[PDB]
Number of protein chains: 2
Amino acid sequence: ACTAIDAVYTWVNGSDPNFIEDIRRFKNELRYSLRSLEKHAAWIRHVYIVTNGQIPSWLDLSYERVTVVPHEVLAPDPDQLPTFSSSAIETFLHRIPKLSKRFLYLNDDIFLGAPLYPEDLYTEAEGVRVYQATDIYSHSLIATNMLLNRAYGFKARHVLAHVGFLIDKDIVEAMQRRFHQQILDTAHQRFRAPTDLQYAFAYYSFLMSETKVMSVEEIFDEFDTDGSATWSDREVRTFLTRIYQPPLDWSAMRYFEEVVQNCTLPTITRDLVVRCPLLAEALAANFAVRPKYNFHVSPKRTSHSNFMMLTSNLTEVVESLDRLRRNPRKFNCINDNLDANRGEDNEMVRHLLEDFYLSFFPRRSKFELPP
Amino acid sequence: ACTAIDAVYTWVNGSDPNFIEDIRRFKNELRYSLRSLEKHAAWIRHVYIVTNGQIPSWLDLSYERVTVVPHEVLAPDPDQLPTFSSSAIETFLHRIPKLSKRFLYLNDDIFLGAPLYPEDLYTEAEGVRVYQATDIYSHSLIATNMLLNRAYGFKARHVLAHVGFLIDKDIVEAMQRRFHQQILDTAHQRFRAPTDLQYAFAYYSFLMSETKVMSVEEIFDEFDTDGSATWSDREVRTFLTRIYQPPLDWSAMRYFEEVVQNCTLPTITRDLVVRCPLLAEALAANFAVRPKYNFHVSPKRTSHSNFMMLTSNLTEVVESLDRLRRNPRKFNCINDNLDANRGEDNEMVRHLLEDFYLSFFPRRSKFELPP
Ligand SMILES: [Ca+2]
Ligand SMILES: [Ca+2]
């Protein structure tokens, strides 16, 4: 337990009258997913749930590891807060007061076997493991991809893979200060509309393409190994080897001494290499395009993250739930995509899924009050 | 700083009369390599040096981070201790009293740029990064490879790559209790003889091939997710999916119930699956060959570990020392292989190398007393 994590959760409930009244104005998942944290990741040290005031019935409060914070305290400009979309709620997840610097996102339907360690998400050498992989979701995909395609170059950017995302508070604040038009746009919306900015992809493509700029006075402060303001011949040879690569030659030596002698080896200082052109330009052309935040593409080896959608064909349900059992990987994500016309098959489906979730996680975790 | 490391060093000195007297009876490297620890790895929290009683002249003692321990206190059977080989000294490196569980080996000529983090060596999910890559050294290579080829299978085993090796005390004690013939053989030797067992390769091939055995009572204690001694139909289906893979079929269901019914689904317990043959054999044939220690082959991306031998051709010296400067990688290892006939070129070589080692590490570190 080197660093705190403090994962978050959402849990919208669409069964009580006070939610469907506000909808009219305009599957017990988390119980078995917060239960997975007690088994396979016992280091997260706090759990938040962001709701609209409504608590779950089975939360044992005063556990000092689980709290609920509503949208009344989070959202700026308290005029948008009657909100019923995920992506609007995602835009104020970093305004939780005693939040640690980094945190797991994992939303509601993320249960996890195959125990989780903090080095699976954030190391210190590397440190953000970016897990690469139609009606309403595709349009927001195209809009976010085009918005990140206006700036930041072009390249190919891959979508993510349904893991619990690890999110830094400072990087997302610099994200929201970069796209202040679209953050307020998606914030001031009621439902899921096709001009949205999805938070995870616009985070993990923002972080992958922030390029820092280092000034010439900072390449003098580093890149000599010395005490103060000395640039001697050892540092000169270190400087010349990082430019003219294949061998190093006498031509580069007399080129460098010709450049220093034209400044009208006599004690190369900081003020000379800041002042003199055609060397500071030739120095900053090599070392100024360093990336801003530490990132790490995953080598697709350990957490292959079984997605495995839950359609209403009971055959495909039973090979899907058995194929979640043949491979007990790190993250698993069962989203519904359920029919509403078949009220007879989608009762046996919800009873069949209960056989799956009790097959792995049958103990009453300490988050749940005794019935 | 999650865990302690406490690296070790050797530093044999072949210049004083009291060493050459004992040799007759039968390059300032570490100063610039212990100096690299103050710059690029400030978490190792103790440094040991194992000698034969002789201290360096420039060690500032009472630093409470650097100590010297001689061979008198380490070696069992105090009859072997007049020793003048590396590999004999390597066989009692884990008898240092206040040693942590894991430790860096790095011997004497290992200086390191490009800062080192504990996740570069030992994580918790993985945790031993095994860095794969003629007169006297080749024979010990063939002997150690054949000794590890007698047991442990056959396969291909690769040599290591001159990094600071991370070594566990318990794994090396189980190594020395496996090869008690060769440990005492190489311990009771005076010099480097061609029947040696090299410590790093016989460690990192021992650790890669210890296979554990799990009893059938332990595959009942795990592999049900339950409280105590219950093996119900959810666990049965989890059990059957991990054997008959492609789909799961009704034939496997009636096969399993036929196996349980022939034990002369009626409450499958622990005593039944321990007692009944042709199921416990069929259960342990799948889950008993799990490896003993966590290991991790390195993907050869970050620490490519410039070796770059130091022969006496001054041209090859200057492209070697410049090519150490073009690539500032994680570990670097300059071993001598120096001629002794040319006393005139091998003075300019040692002065030229001093230009290299002061080009990166010029500050007097806190390990060194002021001259
Ligand atoms: Ca300098
Ligand atoms: Ca059970």
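Structure determination for this entry, per the PDB record, employed cryo-EM and reached 3.53 Å resolution.

**Q** Explain the packing of aromatic side chains residue by residue, including any values.
**A** Counted under the stated rule, the structure contains 48 aromatic pairs over all chains. Where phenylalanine 206 of chain A meets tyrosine 293 of chain A, the ring centres are 6.3 Å apart and the plane angle is 40°; that geometry is what we call tilted. Consider the rings of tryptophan 231 of chain B and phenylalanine 239 of chain B, whose centres lie 5.5 Å apart with planes at 70°: the pair is edge-to-face. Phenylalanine 239 of chain B shares its class with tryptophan 231 of chain B; the two are buried. Members of the aromatic cluster, joined through ring pairs, are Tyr32, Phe111, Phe356, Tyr357, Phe360 and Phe361 of chain A. For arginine 102 of chain A, the ring lying beneath its charged end belongs to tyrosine 122 of chain A, and the centroid distance is 3.9 Å. Its guanidinium or amino end placed over the ring of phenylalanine 179 of chain B, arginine 178 of chain B lies 5.7 Å from that ring's centre, counting from NZ or CZ.

**Q** Give a description of the side chain of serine 100 of chain A that names residues and reports values.
**A** Residues and elements named next belong to chain A. Here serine 100 lies in the loop between α4 (86-89) and β4 (102-104). A relative accessible area of 13% means that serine 100 is categorised as buried. Polar side-chain contacts of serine 100 include one of 2.3 Å to the side chain of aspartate 6. Not counting residues up to four positions away in its chain, the partners in contact with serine 100 are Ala4, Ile5, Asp6, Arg45 and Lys169.

**Q** Account for the coordination of the calcium ion (ligand 1), naming residues and giving values.
**A** For the calcium ion (ligand 1), every protein donor is listed as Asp224 of chain A (OD), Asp226 of chain A (OD), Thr230 of chain A (O), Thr230 of chain A (OG1) and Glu235 of chain A (OE), and the spread of their distances is 2.2 to 2.7 Å. We note that the donor set of the calcium ion (ligand 1) lies within a single chain, spaced as D-x1-D-x3-T-x4-E.

**Q** Describe the UniProt feature "binding site: Ca(2+)" (unreviewed entry) in chain A, and please don't skip the residues or the numbers.
**A** Residue and element names in this part refer to chain A. On the UniProt side, "binding site: Ca(2+)" (unreviewed entry) is annotated at positions that read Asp224, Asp226, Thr230 and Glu235 here. In this fold, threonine 230 is placed in the loop between α9 (216-221) and α10 (233-241). Taking relative accessible area as the criterion, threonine 230 reaches 29% and is therefore assigned partly exposed. Discounting residues that sit within four places of it in the chain, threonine 230 has contacts with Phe220, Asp224 and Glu235. Looking at the element boundaries, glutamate 235 is found in helix α10. Residues contacting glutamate 235, with those up to four places away along its chain left out, are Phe223, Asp224, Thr225, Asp226 and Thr230.

**Q** A description of the state of the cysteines should follow, citing residues and the corresponding values.
**A** In the structure shown here, the tally under the stated rule is two disulfides over all chains. Sulfur-sulfur distance for the disulfide between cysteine 263 of chain B and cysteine 276 of chain B comes to 2.0 Å. The exposure class assigned to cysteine 276 of chain B is buried, which follows from its relative accessible area of 8%. A disulfide-free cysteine, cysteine 2 of chain A has its sulfur positioned 5.5 Å from the sulfur of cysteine 2 of chain B, the nearest such atom.

**Q** Quick rundown of the relation of the copies chain A and chain B? Include the residues and the values.
**A** Mapping chain A onto chain B leaves a residual RMSD of 0.0 Å; the transformation is a rotation of 180° accompanied by 0.0 Å of translation along its axis. The symmetry that links the two subunits is that of a two-fold axis. Closest approach to the rotation axis within chain A is made by the C-alpha atom of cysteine 2 of chain A, at a distance of 2.9 Å. Take the interface residues of chain A: 100% of them recur as interface residues in chain B, which is what a same-surface contact looks like.

**Q** Mind laying out the interface of chain A and chain B, listing which residues take part and the relevant values?
**A** One frequent convention defines the size of an interface as the accessible area lost when the parts assemble. Each side of the interface is counted separately: chain A has 31 residues, and chain B has 31 residues. Overall, the association of chain A and chain B removes approximately 2900 Å² of surface from exposure, summing both partners, and the carbon and sulfur fraction of that is 50%. It is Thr225, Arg234 and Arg326 of chain A that lose the most area in chain A upon contact with chain B, and together they represent 22% of the buried surface on that side. At the boundary of chain A with chain B, the tally comes to two salt bridges. A salt bridge links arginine 237 of chain B to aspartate 322 of chain A; the nearest nitrogen and oxygen atoms lie 2.7 Å apart. Those elements that place two or more of their residues in the side of chain A that touches chain B are α10, α14 (314-326) and α15 (345-360) of chain A.

**Q** For the sheet that holds strand β3 (residues 66-70) of chain A, give the residues involved together with the corresponding values.
**A** All names here are of chain A. In space, the three strands of this open sheet follow the order β1-β2-β3, with parallel pairing throughout. On the outer flanks of this sheet lie β1 (7-9) and β3, each paired with one strand and no other. Strand-to-strand, the axes of this sheet are offset by a mean angle of 25°, without reference to chain direction. Sheet topology places β1 next to strand β2 (residues 47-51); three bridges connect them, and they run parallel. The partner of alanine 7 across the bridge, within β2, is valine 47.

**Q** Describe unusual backbone geometry, naming the residues involved and giving the relevant values.
**A** Although it is not a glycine, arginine 45 of chain A sits at a positive phi angle of roughly 60°. With respect to the element layout, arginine 45 of chain A can be found in the loop between α2 (34-40) and β2. Positioned with a positive phi, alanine 229 of chain B is a non-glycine residue whose angle comes to about 65°. Locating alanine 229 of chain B in the fold gives a position in the loop between α9 (216-221) and α10 (233-241).

**Q** Outline the packing of α14 of chain A against α10 of chain B, supporting the account with residue identities and numerical values.
**A** Helix-helix packing is characterised by the crossing angle of the two axes and by the distance between the axes. One can describe the packing of α14 of chain A onto α10 of chain B by two numbers: an axis separation of 8 Å at closest approach and a directional angle of 70°. What the angle tells us is that α14 of chain A and α10 of chain B run roughly perpendicular. Between α14 of chain A and α10 of chain B, the residues in contact are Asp322, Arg325 and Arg326 of chain A and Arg234, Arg237, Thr238 and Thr241 of chain B, respectively. Classifying every residue of the contact of α14 of chain A with α10 of chain B gives no nonpolar, two polar and five charged.

**Q** Account for the coordination of the calcium ion (ligand 2), naming residues and giving values.
**A** Around a metal, the idealised angle for a tetrahedral arrangement of four donor atoms is 109.5 degrees; for an octahedral arrangement of six donor atoms it is 90 or 180 degrees. Residue and element names in this part refer to chain B. Protein coordination of the calcium ion (ligand 2) is provided by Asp224 (OD), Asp226 (OD), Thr230 (O), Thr230 (OG1) and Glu235 (OE), with donor distances spanning 2.2 to 2.7 Å. Site description for the calcium ion (ligand 2): donor spacing in sequence, D-x1-D-x3-T-x4-E. Residue class for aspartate 224 comes out buried when judged on its relative accessible area of 8%.

Each value, and the rule that gives it
- Each chain carries its own residue count, beginning from 1 and running in the order its sequence is written; this scheme need not agree with the entry numbering, and residues with no coordinates do not appear.
- Chains carry letters and ligands carry numbers; both start at the beginning, A for chains and 1 for ligands, and go up in the order they are written.
- Hydrogen atoms and water are omitted, and side-chain values are computed over all heavy atoms in the structure.
- When the centres of two rings from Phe, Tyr and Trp lie within 6.5 Å, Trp using its six-membered ring, the rings pair. Their planes under 30 degrees apart give stacked, over 60 give edge-to-face, and anything left gives tilted.
- Between buried and exposed lies partly exposed: a residue is buried under 20% and exposed over 50% of the maximum accessible area for its type, with that area taken using a 1.4 Å probe on protein chains only.
- Geometrically, a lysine NZ or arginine CZ counts as sitting over a ring once it is within 6 Å of the ring centre and also within 35 degrees of the ring normal.
- By definition, any uninterrupted DSSP run of H or I lasting at least four residues is a helix, any uninterrupted run of E lasting at least two residues is a strand, and each is numbered from the N terminus.
- In protein, a polar contact requires one atom able to donate a hydrogen and another able to accept it; more generally it is a pair of N or O atoms within 3.5 Å, and residues adjacent in sequence count only if both atoms are side-chain atoms.
- By definition in these notes, contact holds between two residues if any of their heavy atoms fall within 4.5 Å.
- The rule for donors is simple: N, O or S, within 2.8 Å of the metal, or within 3.2 Å if the metal is Na, K or Ca. Water isn't counted, so a site may look like it is missing partners.
- UniProt positions are given in the numbering used here, feature names are shortened, and annotations may be inferred rather than shown by experiment.
- Pairs of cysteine sulfur atoms within 2.5 Å are what we label disulfides.
- Between copies, superposition is a least-squares fit restricted to the C-alpha atoms.
- Defined in terms of a 1.4 Å probe, buried area is the accessible area two parts forfeit on being brought together, summed over both.
- We define a salt bridge as a side-chain nitrogen of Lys or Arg found within 4 Å of a carboxyl oxygen belonging to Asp or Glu.
- Whether two strands pair comes down to DSSP finding at least two bridges between them.
- Axis definition: a line fitted to C-alpha atoms, over the contacting stretch in the case of helices. Angles run 0 to 180 degrees between N-to-C directions.
- The labels follow the angle: roughly parallel below 35 degrees, roughly antiparallel above 145, roughly perpendicular from 65 to 115, and oblique for the rest.
- Each residue gets one of three labels, nonpolar for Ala, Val, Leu, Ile, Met, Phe, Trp, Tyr, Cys and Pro, charged for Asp, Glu, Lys and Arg, and polar for the others, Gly among them.

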